[PDB]
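I have placed the structure first, in the form of structure tokens, so that the comments after it can refer back to it.
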Amino acid sequence: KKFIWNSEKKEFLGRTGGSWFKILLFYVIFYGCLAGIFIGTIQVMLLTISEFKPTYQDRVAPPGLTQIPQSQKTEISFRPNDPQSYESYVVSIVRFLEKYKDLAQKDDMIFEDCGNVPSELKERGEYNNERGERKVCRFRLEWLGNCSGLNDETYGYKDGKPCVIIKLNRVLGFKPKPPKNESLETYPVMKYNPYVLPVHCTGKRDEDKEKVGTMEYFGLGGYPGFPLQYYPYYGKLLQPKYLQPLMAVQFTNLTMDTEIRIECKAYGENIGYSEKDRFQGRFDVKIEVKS
Amino acid sequence: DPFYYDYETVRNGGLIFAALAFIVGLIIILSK
Amino acid sequence: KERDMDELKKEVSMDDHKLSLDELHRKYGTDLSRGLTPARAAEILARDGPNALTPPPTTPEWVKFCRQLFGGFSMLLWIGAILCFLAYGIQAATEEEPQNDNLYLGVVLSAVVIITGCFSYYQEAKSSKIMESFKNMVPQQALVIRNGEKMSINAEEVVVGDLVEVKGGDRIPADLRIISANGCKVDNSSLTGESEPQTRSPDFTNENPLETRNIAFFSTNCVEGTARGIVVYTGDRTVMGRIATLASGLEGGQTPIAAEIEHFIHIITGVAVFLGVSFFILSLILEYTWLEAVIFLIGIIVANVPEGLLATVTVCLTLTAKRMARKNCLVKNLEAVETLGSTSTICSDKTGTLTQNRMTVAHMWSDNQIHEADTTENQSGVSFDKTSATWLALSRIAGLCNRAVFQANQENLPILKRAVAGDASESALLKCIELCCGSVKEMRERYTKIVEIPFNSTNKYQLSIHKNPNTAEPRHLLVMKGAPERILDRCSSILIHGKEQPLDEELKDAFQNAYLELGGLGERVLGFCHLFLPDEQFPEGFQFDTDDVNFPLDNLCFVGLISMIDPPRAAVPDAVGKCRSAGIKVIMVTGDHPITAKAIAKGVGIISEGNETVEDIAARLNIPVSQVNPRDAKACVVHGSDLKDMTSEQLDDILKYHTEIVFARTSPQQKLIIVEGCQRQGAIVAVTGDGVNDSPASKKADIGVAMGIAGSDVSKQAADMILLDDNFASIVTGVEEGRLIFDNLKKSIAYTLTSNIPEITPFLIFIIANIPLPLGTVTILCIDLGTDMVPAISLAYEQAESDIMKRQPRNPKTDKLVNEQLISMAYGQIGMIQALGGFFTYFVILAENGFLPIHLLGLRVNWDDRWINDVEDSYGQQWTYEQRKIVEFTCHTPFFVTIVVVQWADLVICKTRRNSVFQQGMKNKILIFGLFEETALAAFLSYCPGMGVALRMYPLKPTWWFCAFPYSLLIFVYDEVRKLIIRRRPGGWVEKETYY
Ligand SMILES: *[C@@H]1O[C@H](CO)[C@@H](O[C@@H]2O[C@H](CO)[C@@H](O)[C@H](O)[C@H]2NC(C)=O)[C@H](O)[C@H]1NC(C)=O
Ligand SMILES: *[C@@H]1O[C@H](CO)[C@@H](O[C@@H]2O[C@H](CO)[C@@H](O)[C@H](O)[C@H]2NC(C)=O)[C@H](O)[C@H]1NC(C)=O
Ligand SMILES: CC(C)CCC[C@@H](C)[C@H]1CC[C@H]2[C@@H]3CC=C4C[C@@H](O)CC[C@]4(C)[C@H]3CC[C@]12C
Ligand SMILES: CC(C)CCC[C@@H](C)[C@H]1CC[C@H]2[C@@H]3CC=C4C[C@@H](O)CC[C@]4(C)[C@H]3CC[C@]12C
Ligand SMILES: CC(C)CCC[C@@H](C)[C@H]1CC[C@H]2[C@@H]3CC=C4C[C@@H](O)CC[C@]4(C)[C@H]3CC[C@]12C
Ligand SMILES: C[C@]12CC[C@H](O)C[C@H]1CC[C@@H]1[C@@H]2CC[C@]2(C)[C@@H](c3ccc(=O)oc3)CC[C@]12O
Ligand SMILES: *[C@@H]1O[C@H](CO)[C@@H](O)[C@H](O)[C@H]1NC(C)=O
Ligand SMILES: [Mg+2]
Ligand SMILES: [Mg+2]
Ligand code: NA
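Protein chains in written order, with the deposited numbering: chain B, 13 to 303; chain G, 17 to 48; chain A, 21 to 1016.
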């Protein structure tokens, strides 16, 4: 009963030729109309959103805190001797900082020298297109001391005592608000509380806090945070080639051949946290310099 | 700030709607 | 080697009844007047087994529970669960932090099968439980003569070859060989279907042991008289024992609904594996490894398995079976509720099924006029004229001259269903007089009987003389009844409207034609006459001792004939008409005499009035029957004697060229042969019976119907449906519901099958376009086993769109439950629109939160990564892992809501297959509640506190609820114009391509 393939009375795969053509033509017209309808409605949907601002921004309320070595499990395990053991790290650090070189920020029509000292926020009018393409404040690699260097094509980084820079999640129109001068026990930090978003790293328990001996932070002018002169963001369309602030963190006194956990928590009023997302506001890393 | 959404009001309205729709359906199947 | 055992049981029985009394006593070794010694009786009792059939094969409860856990649909869900655990096993050992989805789905599918098994098992067990409450087996002790003494022992203690005596009322214990009878009449209705009580004489009469009178049978009841006999057969070796053993050892077959579900699964898995394999090859062609492609194949195949359609179909069948049990039409098998609708040839039994199996006064004769009495089982018919003097005289002749009286408890029972002691004919007369002529108690004692004369062996006449209580004449009233040929010879006067007239042939010949009219009608007629004895020649003191001629045999006054026959049940003729109207062939299959079978066939509708048999044409033309062409005869009567000498081709021709067929004098084995002959044509068969002879026919038929009270236990167990109220019209209700639920099942299946396209398309394009997952697994479960359950169940409550009892029975090779048109509608057109609506809501949610749809291409690579917490959207923003995952889950929730929104329109359009939603109407309250509960449940799953934590379903911004509205309206309007073109244009495009 499964050899209905053909017959002398015209049937193919179950039906005739003229029936195959009728059904195929119907399905082509039907699916064509469906495609045109879906495209028209998706076009109306495109007309309901603007080009300079996302309609809903509540799902990114607490900005994240990422790092340069995008490790497979936020773990930095390598050998201080073997150059190939830490190649995956250095490669990502060089590729990340490839857009921060002095040659990359050379056009004066799209770059603006903010300053050597963190200042107040820089609001460049409204988010509409009435104004031209906004300017992006420059950020030279020299600000991250001891983790930038004047190396060649390959940034000879730190083998012993590694470097891990942190970055604040770029959010459109987000204005960072550092904590008030009434700091509720925020782990010794400089007195530059008004024009920089503080970020302090620490261990996770009584063991990690003891294994991690000394940490050295590097930022704009020597402050462990992000300067407010680089915010807010005006979208990729209005501010292409934008360079968000960076801040490096070096762990000098580490216990070699021991995996220790570090939590770099960014503080501020507009910086939230989450017990489900260990990256919202805070940031975790598992460093282990095994020799 | 635009980074805030009154999810409690929408959630409350959704729960009230579900309650009203279910009790109305129960009245529908109880024709008396 | 059971094949030979069953073959030796499909053959009609043999015997040695044709033996002289000396040869019988020599073969069995038994005294003809003393039986045998009790020691010999105990030696045989402990040699071959007690006189009782071996109990039925006990069916343990764990066996049928495992049965409910298996099947065809539950097996597909089982293979789905197995495939889920196989995929999860591959994902566990092969990749890092494996996902629990597949395991969750496998245990859910297993739970679905187990729960469906528990429910269906509880239903079938409930049916069998209420069935056990009908076995009222009262032990019946037999009267056995052993060692020269009479003793009453249990029926099981009876052995082979021993004297047994039976009295009018007692039941024939085993199969007896009559040796001496005294006006003994037995009842062969439950065994051979012979309606009128067949008498039993010691002399051998027919070569067939069933037709001869020297044999009493197992389970038969001696109506009147007393007789003796030697037990020839005992236990299972008996006639009804071999019939019951044959019934138990027969095949049930495959119900039509089961074959339809199997074909449905064939198409489901066909397209499922086609898509899975083609996408397995496509995934390998793109970039994915065998490890990943295997998981894709399993996911696509398992995804195309309706997880909830099992429970919905089961509840559909259960609901219709509930309505069946409400009308006292219980079904033992659940799916058997549908077989009646697919039936196209009904083989019915005459005695006890088509008829009432009870002698009843059919017609009366008075004033040379035929008067038909009401013969309904509940007395709901036309009442004859009961105000003439001829009736007032005939009623007294019958109520007085009759050896029939009611028993002790016959008080609260109705006039018909009550028990009467005596002859069946006298019982019918007593009931007719007690019903249409007041009461016979005070009417019988009013005329004190002086001298009587019972029925004679030759010239059968029954007469009696009574005193006259009239206040105008003291003459003695003599009455007599008998065969019309015996009364015509002893009559000279004729009563008319109160006065007398001579025996003029002008009205005597009219009496002869009336006699042949009621006789040719298959009825048994009797004549009643009376006369006023002159008180001058026979005073009030004279005693007419029954010795000589004290009464004038001739010169009597004939009042009128009184016929009688077993009448059909009340709604039987109308039911036969309804069955024929629906295109169901009605074929009578009974072992009764042909002269009565043809009359009952014409009276109920099996033989349409006007149609002639092969013999009727030869009788109308006065030519030999061998001359008329059988093609000129639509109806035909087939005698059992001739049926024994038939081949397969001959029976095929009998059924192919004759539209109204009646099989008479057919043995139970021949009944089975007839059912098989009907099944050879390829049509669904339903056998409706009551006696043990209906057991092998009800078992082999596609569906058996047994009478709940007037039926035997063997055929009632071997059947698939029981009529607890014996209302034969329930057959019509059954054939209606069987078609109703069939169409509703089509609608329900198209509903569950429409939701598969939007359930699989997100994963399909997830593999192709490399976009984030649009629809989640738990959300899919909330659709298939959550919301959609109530709408799909409500789809069973839909009513008929046109008259279903008007269309012809569905062709099994053409009208399948799930044809290629339902796939073109659900999978092809409606489900496609639902998938597009889901993708629209998806792109709306992502584009509004910063991820433009064009930007979503190739994004899943880094999207699903658990450590890339800086994923650029279309606005340059950096999204963490949990943030964008929260968006994906709060993106799965509206996809599920979109499914419910499009299911609103899909349910409204599936509710009607041809009619318009405005024509039919939203009168289905269960469907309204289905939409209300569906929407309220979908809203609750999204807005309940703690859902984004447990089920990962996050709340929806109100505008999301409207992203799916245009697609639902589109679906509704499209299907509406579809059904409109089907209505206006019933020819072929919209009908043969989309109408399923
Ligand atoms: C950056 O690294 C240099 C080493 O290359 C550090 O220079 C040393 O600083 C200490 C004081 O902390 C002096 O005692 C050493 O003599 C210096 N050595 C050299 C070679 O210059 C420098 O301190 C580091 N910078 C920071 C901010 O930690
Ligand atoms: C850097 O860490 C080392 C430990 O690795 C510190 O030196 C140790 O001090 C303890 C006493 O507290 C001694 O028992 C160990 O023998 C020392 N080890 C070494 C290698 O010197 C050291 O003080 C830390 N230095 C700074 C600047 O934090
Ligand atoms: C086609 C028509 C007749 C169906 C009638 C039901 C429609 C109008 C109902 C069904 C579900 C409803 C939604 C239920 C849930 C939400 C969230 C709540 O916090 C605001 C209302 C809102 C956004 C409702 C809008 C109206 C809505 C879409
Ligand atoms: C992921 C993408 C590329 C898969 C595209 C699949 C499309 C092209 C397939 C899926 C289901 C298919 C249809 C399935 C049902 C019908 C009815 C049948 O009697 C003829 C084929 C016809 C008319 C098919 C036409 C092509 C079709 C719409
Ligand atoms: C021929 C006619 C009836 C078709 C008209 C199409 C209508 C019904 C369709 C076209 C585009 C659709 C809209 C597209 C854009 C938006 C914004 C979104 O955030 C919610 C859905 C919503 C609000 C849709 C509602 C229904 C809509 C207006
Ligand atoms: C676990 C899963 C693996 C592939 C990819 O990593 C995405 C993962 C999450 C979703 C999960 C798939 C697996 C198949 C599904 C259960 C399969 C499915 C869904 C519903 C259903 O009834 O049967 C199968 C399609 C997608 C699926 O739900
Ligand atoms: C915060 O307080 C300290 C002294 O407690 C003071 O030196 C510093 O200037 C204050 N900063 C601001 C911004 O008020
Ligand atoms: Mg499904
Ligand atoms: Mg019967
Ligand atoms: Na059966």
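The C-beta atom is built at its ideal place from N, Cα and C for all residues, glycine as well.
Through-space distance from residue j to residue i, alpha-carbon basis
{"i": "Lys-146/A", "j": "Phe-85/A", "result": "13 Å"}
{"i": "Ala-356/A", "j": "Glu-397/A", "result": "28 Å"}
{"i": "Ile-865/A", "j": "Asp-740/A", "result": "56 Å"}
{"i": "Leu-877/A", "j": "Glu-908/A", "result": "15 Å"}
{"i": "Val-40/G", "j": "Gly-941/A", "result": "20 Å"}
{"i": "residue 4/B", "j": "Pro-975/A", "result": "Residue 4/B lies beyond the stretch modelled for chain B, which goes from 13 to 303, so this question has no answer here."}
{"i": "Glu-22/A", "j": "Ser-735/A", "result": "22 Å"}
{"i": "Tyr-771/A", "j": "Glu-996/A", "result": "16 Å"}
{"i": "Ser-732/A", "j": "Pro-474/A", "result": "35 Å"}
Residue i CB to nearest heavy atom of ligand 7 below 7 Å
{"i": "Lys-203/B", "result": "yes"}
{"i": "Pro-978/A", "result": "no"}
{"i": "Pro-206/B", "result": "yes"}
Residue i: CB within 7 Å of a non-hydrogen atom of ligand 2
{"i": "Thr-226/B", "result": "yes"}
Heavy atom of ligand 8 within 7 Å of residue i beta-carbon
{"i": "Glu-327/A", "result": "yes"}
{"i": "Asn-776/A", "result": "yes"}
beta-carbon residue i near ligand 4 non-hydrogen atom, thresh 7 Å
{"i": "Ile-43/G", "result": "no"}
Unbroken beta strand (DSSP E) run spanning residue i, endpoints
{"i": "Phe-578/A", "result": "577-585"}
{"i": "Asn-432/A", "result": "Per DSSP, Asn-432/A belongs to no beta strand (DSSP E) and is neither H nor E."}
{"i": "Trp-385/A", "result": "380-386"}
Other residues of its chain near residue i: CB distance less than 6 Å, five sequence neighbours each side excluded
{"i": "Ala-619/A", "result": "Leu-541 and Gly-542"}
{"i": "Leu-58/B", "result": "none"}
{"i": "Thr-226/B", "result": "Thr-264 and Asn-265"}
{"i": "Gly-69/A", "result": "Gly-255"}
Limits of the unbroken alpha helix (DSSP H) element including residue i
{"i": "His-517/A", "result": "No alpha helix (DSSP H) holds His-517/A; DSSP gives it neither H nor E."}
Ligand 9 heavy atom lying under 7 Å from the CB of residue i
{"i": "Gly-372/A", "result": "yes"}
{"i": "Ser-687/A", "result": "no"}
Proximity test, residue i beta-carbon vs ligand 3 heavy atom, cut-off 7 Å
{"i": "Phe-952/A", "result": "no"}
{"i": "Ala-959/A", "result": "yes"}
Neighbourhood of residue i by C-beta distance below 7 Å, restricted to the same chain and skipping five residues each side
{"i": "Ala-534/A", "result": "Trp-385, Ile-390 and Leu-581"}
Residue i: CB within 7 Å of a non-hydrogen atom of ligand 5
{"i": "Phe-985/A", "result": "yes"}
Residues near residue i in its chain [Cβ-Cβ closer than 8 Å; skip 5 each side]
{"i": "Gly-851/A", "result": "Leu-773, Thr-774, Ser-775, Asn-776, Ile-777 and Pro-778"}
{"i": "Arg-27/B", "result": "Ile-35"}
Any non-hydrogen atom of ligand 10 closer than 7 Å to residue i Cβ
{"i": "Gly-272/A", "result": "yes"}
- Task: Determine contact between the segment 853-865 of chain A and the segment 916-925 of chain A, defined as no fewer than three beta-carbon pairs at a distance below 8 Å.
- Result: yes
- If you pair each beta-carbon of the segment 373-384 of chain A with each one of the segment 394-408 of chain A, do three or more pairs fall below 8 Å? yes
- Query: Are there three or more Cβ pairs, one per stretch, closer than 8 Å when the segment 239-254 of chain A is compared with the segment 191-206 of chain A?
  - Reply: yes
- Message: Is it the case that the segment 807-827 of chain A contacts the segment 759-776 of chain A, given that we only count it when at least three CB pairs across the two stretches are under 8 Å?
- Response: yes
- Task: Take every Cβ of the segment 655-666 of chain A, pair it with every Cβ of the segment 624-639 of chain A, and state whether three or more of those distances are shorter than 8 Å.
- Result: yes
- Item | At least three beta-carbon pairs within less than 8 Å, the segment 344-362 of chain A to the segment 499-509 of chain A | no
- Report yes or no: do three or more beta-carbon pairs, one from the segment 882-897 of chain A and one from the segment 269-286 of chain B, lie closer than 8 Å? no
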